[PDB]
Ligand SMILES: NC(=O)c1ccc[n+]([C@@H]2O[C@H](COP(=O)([O-])OP(=O)(O)OC[C@H]3O[C@@H](n4cnc5c(N)ncnc54)[C@H](O)[C@@H]3O)[C@@H](O)[C@H]2O)c1
Ligand SMILES: NC(=O)c1ccc[n+]([C@@H]2O[C@H](COP(=O)([O-])OP(=O)(O)OC[C@H]3O[C@@H](n4cnc5c(N)ncnc54)[C@H](O)[C@@H]3O)[C@@H](O)[C@H]2O)c1
Ligand SMILES: NC(=O)c1ccc[n+]([C@@H]2O[C@H](COP(=O)([O-])OP(=O)(O)OC[C@H]3O[C@@H](n4cnc5c(N)ncnc54)[C@H](O)[C@@H]3O)[C@@H](O)[C@H]2O)c1
Ligand SMILES: NC(=O)c1ccc[n+]([C@@H]2O[C@H](COP(=O)([O-])OP(=O)(O)OC[C@H]3O[C@@H](n4cnc5c(N)ncnc54)[C@H](O)[C@@H]3O)[C@@H](O)[C@H]2O)c1
Ligand SMILES: O=[N+]([O-])c1ccc(Oc2ccc(Cl)cc2O)c(Cl)c1
Ligand SMILES: O=[N+]([O-])c1ccc(Oc2ccc(Cl)cc2O)c(Cl)c1
Ligand SMILES: O=[N+]([O-])c1ccc(Oc2ccc(Cl)cc2O)c(Cl)c1
Ligand SMILES: O=[N+]([O-])c1ccc(Oc2ccc(Cl)cc2O)c(Cl)c1
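Residue numbers (the entry's author numbering), protein chains in the order written: chain B, 97 to 324, 366 to 429; chain A, 97 to 324, 366 to 429; chain B', 97 to 324, 366 to 429; chain A', 97 to 324, 366 to 429. A prime marks a further copy of an entry chain.
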């Protein structure tokens, strides 16, 4: 009878969905937090059965989406939403979509929960290389993908039982440089990986709650493609060609690792970057003239 | 029908036993590899009912020990056994206890296995500190504690299914210095951790097998008490006071992590050091100032 | 005949000054970038000879401060300065103090330069632990101490010869948690250490310019004290008691390491975190019951 | 009046020679430690004028070689020398070439020294890959390439002044996997790097001596060509194409870094791996996509 809130699904091709899927296997109940620029479209599609293929696990196995909620990790409380957004065509009529508000909403409909998933990032100047990134873009990049965590945490902590567990998805570009992962994104993942440690410290001592981050390998998500055959087709090709594990990398591969961190089985792991990436990170050089 | 071989275990108060309990939850067959010198005394205790309590997994299921074999990580093959130990009282009443010998044995009787555990260390001069450690002592430590993993992998690979998984147990003394943990042990784990990556690539690319290592926090095992109010009673004292996670670290804590890494659920993780240490590894200074 | 611009001196008790000092030894000419809330006071004191003690190197050795400039790393170009600051009592009448403007000023008075020093940080909610840090505070923390680098870089790159070198000062709290280094500061140093890599990449390939960061140990600076005998007296005590090198840690110790990175001698080092900290970072545990 | 002993050098095309040139710039006396087997052929070349060109530091100063001694990193003391090598043609015409023997020698003739360099490696089975590497081979690699540093430190510490400095040369194959670099070499450097920390603490606390290691990028030395268009011609090719720093890495590049770490100028750096590799270590994937 565990409940998990997933911040950041827009379709079935992301890591969000992968996570959601494997969490169903373990019979855990799933709440989607959905960015308002996509909420209505995700909703409609779902009613249309556009996802019925993708909700299939195996033997009789569907999914169990408890609830689907509008949610914007930019806004901490309702006093944050600026007037222009408060009025936006997309945001206009949706309510309780800040971080503080969803916590309450969830706690009202379902009480305390014990699993929190951060699978989101956003950065305006991503296509600009770091050196040519504006201040206003960089701080945006960090607001939307680093802080959204810290803040998710402050607020969700009170609707969580002790022994609850939290995860987030990071990228190796934080540790080693991969060019064209810019406009703040590499800084943001770097900070997110440090905050994972510090938060683990406070949440551990104070609430008996754990937090970790998964350094994911390359997956063909909506957002991955949005990064301008692109950077992510190369990323995949390279990985499928050079990683120690040569199999294709599925979102469920991260999904099953996520479920594990989230469950009691990993109670002795906290503050860690766990790479789930067919082991690419362990490589230094292409092994070209070594494969002869 | 999964079989796991565990190399290194002389009692129930160690990590290997933590690992075996937790795998038995997943109905995994366990073969034990026991250091010849304690092999007979372990057999006797087993036979005398000393482990029946420790063998209970829960309400009407116990531990499924498929077999228990003498195994010595010092000797790769038959040729490697030296006169003094052919002589040696504890060794003479036993046979086929070299790495290549237990590999053929297991395989002769039960076929291919698919989970392998290296949970052993020896450092004749642990008592001394690195600077006062001798060449003979140091290398004995590297031989038994680091190379034994490579030799295990080489001889056991043939008898394992593709998509199999191997683990080792390491310690933070390799990354950050821990005074008292001497005689080569740090160097040994330092090498175990890197070999984990290198092997992760060879196994990864050639046999589609995965290999990871578990950085465990402190446990009051017999090996740990033999370092010596013992450089383990401090370790435990400090950890329970300072680690993000106030809980007391149990062997099964590592076992559950082992079980997972050894399963299909983690098919995309290879070559990693996975810290299962209540998060102690993330801390810099004691937090005495902060706690006020 | 090398010139260096030091962003971030307010007195003689910081790392800025340490760096400035050792750079004089190697006869390099020094330009101070000084935060306007302190500019006038630093100026007056200097004219008064309040620093004449502290400008002494050794035999006949004074310093050679080329020029002392107002400078605020918050503002990239003059179009950034908001009206309230444009009007502030402290900022009112000072000109050309944004990042873009000082670059020009310097290039006009002295042409191209070849050494850039980032020794600054600022964070509003430093006294708040991370979990209880506002978004607006965090993004501030990162703006002032992470981005100020990236932006210093964009702009200063064009007033720099190829083979010029750049450094910044970081703290170990980015890698391992030290509580009460909050309100964004640990995230900010974490990002700064990642940006050091990425910038090294671009500046290396494009301009033949190097960038590194120095993970400094604890020094009793103005700002260190401002962090609420405080956290930094403990930090020092602990370090002087537990670091492998038991000597007291001087700003000139970082200063001499800085000068080296900045000089040609280190032409093969870039993108690195170099710890200058009497080796504290290498420790895992206090060695209390080991010193018996 | 500073004396530096360099352990491991058979010609001018290596790193040790890079180190000696650059220290001679600082008027540091150089004692060479040469592997007995090449000691005589090196002596002859020296005598025959083959190094006169390489010995020029600049306009009217050459290299000050105080002495040149046979030195074998395999043997700590007299007792350690085995019959076959007492016999051995190359070895028999020589004496006092064990670690403890060259320590007493140097000290007998010239007193206390204050800079020590370990610039040597051997891996009998480098050609094989870790999985196919034998126990005898692996340990020989750890013995000659890793433990020889500890033994050097122990026997040389007495004959060194407080505030002295020791360096070792390492390689990234220990952190991230490099296929081809086999037979134990990775494990060896993996251990050299951790020992550097542990020794950094013992030396640090007890004798006020410092110890660091230099992670060098590739150089076409005789040792490197003997790995084998050679797993060094790739290394160099790749590095000059991909490393942030387009320059061609010279031995003196490392030498200047060595000189510095070995000086007082770095009194606050101990226990560190310092990458002197044109920054190649910071990169993740080749940047082919980006460069377009
Ligand atoms: N796919 C990869 O190659 C890859 C690799 C490593 C890490 N990641 C990480 O995985 C996570 C998910 O990305 P993905 O690759 O699955 O693509 P994705 O497009 O599925 O994920 C982005 C999701 O976050 C949501 N989102 C964006 N901005 C938001 C905001 N302000 N508030 C609330 N929600 C918002 C979007 O609706 C979208 O569904 C990110 O943390 C990303 O950095 C992805
Ligand atoms: N206990 C801890 O606090 C702790 C912490 C971190 C890592 N570890 C690691 O966990 C692993 C398991 O050890 P443990 O601490 O549970 O102690 P343990 O006594 O349970 O296991 C050590 C075993 O090594 C075996 N052994 C020693 N030399 C051998 C040889 N030459 N051939 C064959 N077997 C040999 C013995 O069977 C012994 O039981 C070790 O690698 C240890 O380094 C332990
Ligand atoms: N002292 C330590 O214990 C320690 C340890 C590790 C790292 N550091 C780092 O060293 C650097 C210098 O700090 P310090 O400890 O020498 O103290 P400091 O007070 O000397 O340094 C701060 C300086 O930066 C200037 N500054 C602040 N905000 C600015 C802004 N917006 N624009 C321009 N200048 C600004 C201030 O005038 C001040 O002189 C920082 O990067 C800090 O994170 C300090
Ligand atoms: N060349 C590179 O690309 C490179 C890169 C990274 C690290 N390194 C490291 O730099 C160091 C110097 O080696 P190099 O690459 O300049 O090659 P090198 O041939 O100059 O030095 C290796 C030396 O090791 C000595 N040696 C070998 N076995 C010995 C023994 N048993 N006793 C005494 N001496 C012995 C020989 O004198 C030999 O000259 C090595 O540790 C190497 O691993 C080299
Ligand atoms: O908004 N962005 O710029 C952006 C950038 C990157 C994003 O995720 C990744 C997509 C692909 C990869 Cl390889 C790593 C990632 O972190 C996401 Cl979800 C969003
Ligand atoms: O041979 N030893 O000395 C030795 C030393 C330590 C051993 O295990 C550990 C026990 C305690 C800790 Cl903290 C770390 C360990 O690696 C083991 Cl199994 C064996
Ligand atoms: O503005 N702050 O909050 C702030 C916080 C920390 C600052 O520097 C440090 C001072 C002391 C230490 Cl230990 C590490 C540091 O990074 C500085 Cl200069 C400024
Ligand atoms: O004994 N070996 O095989 C061996 C192998 C490599 C050696 O040096 C290196 C040469 C090249 C590189 Cl890339 C790294 C190195 O460590 C040395 Cl000095 C010796």
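Quick reminder that beta carbons are idealized off the backbone N, C-alpha and C, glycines included.
With 16 other Cβ atoms within 10 Å as the buried cut-off, status of residue i
i: residue 116 of chain A'; result: buried
i: residue 232 of chain B; result: exposed
i: residue 366 of chain B'; result: exposed
i: residue 409 of chain A'; result: buried
i: residue 289 of chain B'; result: buried
i: residue 278 of chain B; result: buried
i: residue 185 of chain A; result: exposed
i: residue 137 of chain A; result: exposed
i: residue 156 of chain A'; result: exposed
i: residue 174 of chain A'; result: exposed
i: residue 158 of chain A; result: exposed
i: residue 139 of chain A; result: exposed
Span of the beta strand (DSSP E), counted from its first residue to its last, around residue i
i: residue 258 of chain A; result: 256-266
i: residue 129 of chain B'; result: 125-130
i: residue 371 of chain B; result: Not the beta strand (DSSP E): residue 371 of chain B falls in the alpha helix (DSSP H), residues 368-379.
i: residue 413 of chain A; result: 410-413
i: residue 163 of chain A; result: 161-166
i: residue 213 of chain A; result: 209-214
i: residue 310 of chain B'; result: 306-312
i: residue 99 of chain B'; result: 99-103
i: residue 152 of chain B'; result: Premise fails: residue 152 of chain B' is in no beta strand (DSSP E) and is neither H nor E.
Nearest neighbour of residue i, chosen from the options [CA to CA]
i: residue 309 of chain A'; options: A'/286, A'/324, A'/322; result: A'/286
i: residue 118 of chain B; options: B/426, B/404, B/153; result: B/153
i: residue 169 of chain A'; options: A'/427, A'/129, A'/156; result: A'/129
i: residue 134 of chain B; options: B/304, B/123, B/111, B/167; result: B/167
i: residue 100 of chain A'; options: A'/425, A'/252, A'/414; result: A'/252
i: residue 189 of chain A'; options: A'/415, A'/313, A'/132; result: A'/132
i: residue 151 of chain B'; options: B'/124, B'/211, B'/113; result: B'/113
Enclosing alpha helix (DSSP H) for residue i [first to last residue]
i: residue 389 of chain A'; result: 388-398
i: residue 294 of chain B'; result: 281-303
i: residue 144 of chain B; result: 135-144
i: residue 253 of chain A'; result: 244-253
i: residue 321 of chain A'; result: 318-321
i: residue 237 of chain A'; result: 231-238
i: residue 111 of chain A; result: 111-120
| said: Under 7 Å, CB to CB, which of the residues in the region 266-288 of chain B have a partner in chain B'? | reply: 270, 273, 275, 282, 283, 286, 287
| said: If the cut-off is 8 Å on Cβ atoms, which residues from the region 171-203 of chain A count as contacting chain B', listed in chain order? | reply: none
| field | Interface positions of the region 367-391 of chain B' facing chain A' (Cβ-Cβ less than 9 Å), listed along the chain | value | 380, 381, 382, 383, 384, 386, 387, 390, 391
| Residue ranges of each alpha helix (DSSP H) within the region 173-206 of chain B', 4 or longer | 179-182, 195-206
| query | What are the residues of the region 225-242 of chain B that lie near chain B', defined by any Cβ-Cβ distance shorter than 9 Å? | reply | 225, 226, 227, 228, 229, 230, 231, 234, 235, 236, 238, 239, 242
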